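Single-structure report; data block below.
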2 protein chains.
Amino acid sequence: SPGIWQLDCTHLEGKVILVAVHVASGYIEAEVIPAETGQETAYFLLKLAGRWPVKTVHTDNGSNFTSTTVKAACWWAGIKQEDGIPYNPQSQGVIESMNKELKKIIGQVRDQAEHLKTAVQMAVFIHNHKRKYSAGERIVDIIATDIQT
Amino acid sequence: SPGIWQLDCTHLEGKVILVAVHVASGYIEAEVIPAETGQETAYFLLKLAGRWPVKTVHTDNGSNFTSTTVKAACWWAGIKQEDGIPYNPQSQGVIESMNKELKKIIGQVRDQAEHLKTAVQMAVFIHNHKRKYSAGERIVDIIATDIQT
Ligand SMILES: CC(C)C[C@H](CNC(=O)CCCCN)Cc1ccc2c(c1C(=O)O)OCO2
Ligand SMILES: CC(C)C[C@H](CNC(=O)CCCCN)Cc1ccc2c(c1C(=O)O)OCO2
Ligand SMILES: [Cl-]
Ligand SMILES: [Cl-]
């Protein structure tokens with residue numbers, strides 16, 4: 001549970017926003033890329049896994065699941081790759097709504113930055129800091145508890 | 001204390017590695033850029049601050065301290081910008097040695113990746129996971145304790 005993340009890819013301004021969500025907390029990391037490739041996804045996972053203890057990733061589609069580069073990165077980082085098929089239905093609708101909510105925040109900050117990538121990082125900030133505890137607080141508490149086990 | 005980070009810039013393969021160290025834990029985040037500019041530093045801080053609760057940053061040099069873009073990003077993200085002058089001497093030598101240690105790990109993984117940026121992320125992974133607790137475990141414990149205050 002503390003180690004489970006879900007990949008999510010959404011589109012804005014002709015570009016792609018790649019998102020990783022920590023399922024138990026709602027905490028996100030995100031980046032802008034020109035298009036979703038196995039190489040970009042693999043690199044994104046390597047960054048994620050050096051920053052948080054990533055045990056399991058629910059991949060966002062079959063092409064990334066199949067990607068030899070994604071597989072290599074998951075092997076390297078000790079990540080168990082899984083399908084993002086809604087084996088659990090509470091995720092797929094929450095993702096749709098997360099994308100909507102993230103895009104809403106992006107629109108709210110968009111005029112404060114020249115580049116989309118900057119607006120996306122501002123939106124990540126706002127998302128992770130917003131008190132319901134915040135997602136940032138929740139992920140830390142979840143993982144801290146897990147270290148004592 | 002839980003919110004204090006230090007910026008560090010080091011060189012390898014004709015490129016620049018920008019590093020943020022969580023002082024109390026030794027946890028790092030890092031990125032490769034062609035050269036250190038205020039714009040790159042500002043963007044790096046925006047990413048950092050959306051991921052961890054950054055209260056204070058000891059900037060790595062005077063040009064970044066002065067940078068209007070760095071100042072803007074620190075204002076936006078609620079970061080108190082400080083000089084990285086060794087007001088405390090336990091940092092400057094530990095940074096020199098951290099750069100040496102990071103470069104050592106980079107050399108150990110370098111042949112496993114085509115691009116330097118990838119090797120740097122692998123090195124971040126190894127650094128943050130290495131059990132002394134690991135830096136990754138320490139930062140989480142430090143921040144979790146601070147949330148209860
Ligand atoms: C996850 C890693 C083990 C491999 C993985 C794939 N690279 C190779 O197979 C090339 C090996 C070069 C041998 N000299 C590394 C990697 C992943 C994602 C990337 C990469 C790289 C890379 O630098 O090779 O560049 C940017 O996006
Ligand atoms: C920290 C932010 C408030 C500002 C900050 C500077 N940008 C501006 O002043 C332009 C304002 C555009 C108004 N339409 C945003 C920023 C920081 C660092 C960057 C940036 C940007 C940006 O996208 O403007 O691009 C990549 O590196
Ligand atoms: Cl970690
Ligand atoms: Cl945070």
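List of remarks:
- Scanning the range A:65-96 for residues that are under 14 Å from the mean Cα position of the chain (by Cα) and in a helix (DSSP H, G or I) turns up A:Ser91, A:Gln92, A:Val94, A:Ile95, A:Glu96.
- All positions within the range B:103-125 that are touching a helix residue (DSSP H, G or I) at 6+ places or on another chain (Cβ under 6 Å) and more than 13 Å from ligand 1 (Cβ to nearest atom): B:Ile105, B:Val124
- Among the residues of the range B:26-66, those identified as of a type in the set (S, T, N, Q) and within 10 Å of ligand 2 (Cβ to nearest atom) are B:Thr37, B:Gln39, B:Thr41.
- Every condition in (1) away from ligand 2 (no atom under 16 Å from the Cβ); (2) at positive phi is met by A:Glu13 except one, and the failing one is (1).
- Residue list for the range B:110-145, restricted to those being away from ligand 3 (no atom under 12 Å from the Cβ) and hydrophobic (A, V, I, L, M, F, W, C): B:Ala113, B:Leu116, B:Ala119, B:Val120, B:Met122, B:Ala123, B:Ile142, B:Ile143, B:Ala144
- Some residue of the range B:126-142 being of a type outside the set (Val, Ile, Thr) and under 23 Å from A:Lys117 (Cβ atoms): no
- Taken over the range B:28-56, the criterion of being within 16 Å of ligand 4 (Cβ to nearest atom) and farther than 22 Å from B:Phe125 by Cα is satisfied by B:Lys55, B:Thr56.
- Residue that is farthest from B:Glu137 (Cα to Cα) [pool: residues in the range B:28-38 that are within 12 Å of chain A (Cβ to nearest Cβ) and not hydrophobic (A, V, I, L, M, F, W, C)]: B:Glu31
- Of all the numbered requirements in (1) within 16 Å of ligand 4 (Cβ to nearest atom); (2) not in a loop (DSSP other than H, G, I, E, B), B:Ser25 misses one, and that requirement is (2).
- Contacts under 7 angstrom Cβ, first residue in the range A:76-100 being under 20 Å from A:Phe44 (Cβ atoms), partner of a type in the set (A, V, I, L, M, F, W, C) and not in a helix (DSSP H, G or I), 6 or more apart: A:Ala77/A:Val54; A:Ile79/A:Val54; A:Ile79/A:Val57; A:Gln81/A:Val57; A:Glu82/A:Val57; A:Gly84/A:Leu7; A:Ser91/A:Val23; A:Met98/A:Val21
- Contacts under 6 angstrom Cβ, first residue in the range A:39-65 being more than 9 Å from chain B (Cβ to nearest Cβ), partner within 11 Å of ligand 3 (Cβ to nearest atom) and among the small types (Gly, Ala, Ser), 6 or more apart: A:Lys55/A:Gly3; A:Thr56/A:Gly3
- Yes/no for A:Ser97 being over 21 Å from A:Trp52 (Cβ atoms) and out of contact with any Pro (no Cβ under 6 Å at 6 or more places or on another chain): yes
- Residue check, B:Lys103 more than 16 Å from ligand 2 (Cβ to nearest atom), more than 11 Å from every other protein chain (Cβ to nearest Cβ) and over 21 Å from A:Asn128 (Cβ atoms): yes
- Residue list for the range A:49-64, filter: within 16 Å of ligand 3 (Cβ to nearest atom), in a helix (DSSP H, G or I) and surrounded by fewer than 22 Cβ atoms within 10 Å (Cβ to Cβ): A:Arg51
We did not get these values from a lab; they are worked out from the coordinates using the rules stated. In this analysis, Cβ positions are derived from the backbone assuming ideal geometry, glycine residues included, and neighbour counts consider all displayed protein chains.
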